[PDB]
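# Observations on the three-dimensional arrangement
Read off the chains here:
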Amino acid sequence: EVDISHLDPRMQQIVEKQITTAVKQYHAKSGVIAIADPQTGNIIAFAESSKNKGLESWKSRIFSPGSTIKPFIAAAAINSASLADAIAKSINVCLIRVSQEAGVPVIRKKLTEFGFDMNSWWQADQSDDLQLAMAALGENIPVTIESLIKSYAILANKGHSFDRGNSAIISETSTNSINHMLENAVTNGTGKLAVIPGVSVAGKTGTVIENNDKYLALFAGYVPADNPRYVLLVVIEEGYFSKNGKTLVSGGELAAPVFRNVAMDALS
């Protein structure tokens, strides 16, 4: 379960109002928002709202990160129709190719260093390329809200990992590129609804299909991009919103605007 000691009452109240409103507005099964401090990775706010009973809390719930893994795949490849475009538009085939060309040792080691479990959901006699494909899709990787936001905290912390005595996980060059890609993913990609005029926002959308037709809509990011103050992760479960005929269900459509509202509140 998520650590609850470093909580900030001002941040907590913000996310409490926002997630509860979003879950109702999206007719969602559940939803969660977490905020973390870029310097330490500590959770400073965590709130969830669920419409019905029996749900496991997002404090402990295990899920797949989906395309929110993509920045780390790119980071690993860079550190060892452009890549920036593929991150911005979230192009699966391209990131998969990037992962497969980087190779199993590079991807498994570097993603492990980012705080990802590259061991649990991994088969010994399964094709390396198939599993690198799954990695790029964030399909064979168990995360929690806590572990995922801590991984993003590393990127917000200039590619340094607090938990490893502030060691550089990726180079400065790599960090600059990745941050640029995440800013571009927001201003000119699937994360467009997270745009805040005058404030650079870095973030990545995700949309995960669970069993049958169960959607997780995700958005992970940090703000301001140039000198992060907050790391945020928003996850909506089985939410949807109708704009005329369109039924919107994706991370960019659901989770990103929620990220935006919390971010604007946090920056006062």
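Residues numbered from 1 in each chain as written, not as in the entry; some residues may be left out. Heavy atoms only, no water.

This entry lists X-ray crystallography as its structure determination method and reports a resolution of 2.1040 Å.

Within the chain one finds 9 helices and 9 strands. Over its C-alpha atoms the chain spans a radius of gyration of 17 Å, differing by no more than 12% from the 18 Å that the globule rule assigns to 268 residues. Referenced to the eigenvectors of the C-alpha coordinate spread, the extents of the chain come out at roughly 45 × 40 × 35 Å. For the chain, with 268 residues in total, the buried portion stands at 52%. About 11800 Å² of surface is accessible on the chain, with carbon and sulfur atoms providing 49% of the total. Distance between charge centroids for the chain: 6 Å, based on 24 positive and 26 negative side chains. (Helix = DSSP H or I, 4+ residues; strand = E, 2+ residues; numbered from the N terminus. Rg over C-alpha atoms; globule rule 2.2 N^0.38 Å. Buried < 20%, exposed > 50% of the residue type's maximum accessible area, 1.4 Å probe, protein only. Areas by Shrake-Rupley, 256 points an atom, 1.4 Å probe, with all protein chains shown as cover. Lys, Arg positive; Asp, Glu negative; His and termini not counted. Charge placed at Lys NZ, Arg CZ, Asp CG, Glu CD.)

Next up on the list: the packing of helix α4 (residues 92-102) against helix α6 (residues 128-137). In the contact formed by α4 and α6, the axes pass within 8 Å of each other and the chain directions differ by 130°. Here α4 is positioned oblique relative to α6, judged by the angle of their axes. For α4 against α6, the interelement crossing comes out right-handed. Residues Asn92, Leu95, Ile96, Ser99 and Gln100 of α4 pack against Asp129, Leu130, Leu132, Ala133, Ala135, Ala136 and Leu137 of α6. Per-class residue counts for the contact of α4 with α6 are 8 nonpolar, 3 polar and 1 charged. (Axes fitted to C-alpha atoms, helices over the stretch in contact; angles between N-to-C directions. Parallel < 35°, antiparallel > 145°, perpendicular 65-115°, else oblique. Left-handed = near helix turned anticlockwise from the far one by under 90°. Contact = heavy atoms within 4.5 Å. Nonpolar A, V, L, I, M, F, W, Y, C, P; charged D, E, K, R; others polar.)

Bringing the pattern of salt bridges into the picture now. As enumerated under the stated definition, the model contains 4 salt bridges in all. A salt bridge links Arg61 to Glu210; its shortest N-O distance comes to 3.6 Å. You can call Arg61 buried: its relative accessible area is 11%. Connected through shared salt-bridge partners, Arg61, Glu210 and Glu237 make up one network. (Salt bridge = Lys/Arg side-chain N within 4 Å of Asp/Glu carboxyl O.)

Another aspect to go through is helix α2 (residues 70-79). In terms of residue burial, α2 counts as a mostly covered element, since 7 of its 10 residues are buried. Listed in full, the buried residues belonging to α2 are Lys70, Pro71, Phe72, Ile73, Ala74, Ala75 and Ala76.

Turning our attention to the nonpolar core. Grouped together as the largest cluster of nonpolar side chains are 60 residues, with contacts concentrated most on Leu111, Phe114, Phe116, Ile145 and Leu155. Among the elements that take part in this core, helix α7 (residues 145-156) stands out by supplying 8 residues, more than any other. Discounting chain neighbours no more than four positions away, the residues touching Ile145 are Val32, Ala34, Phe46, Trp58, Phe63, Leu233 and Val235. (Core = buried A, V, L, I, M, F, W, Y, C linked by side-chain atoms within 4.5 Å.)

So, about unusual backbone geometry. The amide bond that connects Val223 to the next residue, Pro224, takes the cis arrangement and shows omega of -10°. Take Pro224: it is sitting in the loop between β6 (215-223) and β7 (230-237). Phi is positive for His27, which is not a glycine, with a value near 50°. Along the polypeptide, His27 turns up in the loop between α1 (9-25) and β1 (30-36). We classify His27 as partly exposed; its relative accessible area is 49%. Look at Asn212: it is not a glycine, yet its phi comes out positive at around 55°. Here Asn212 shows up in the loop between β5 (202-209) and β6.

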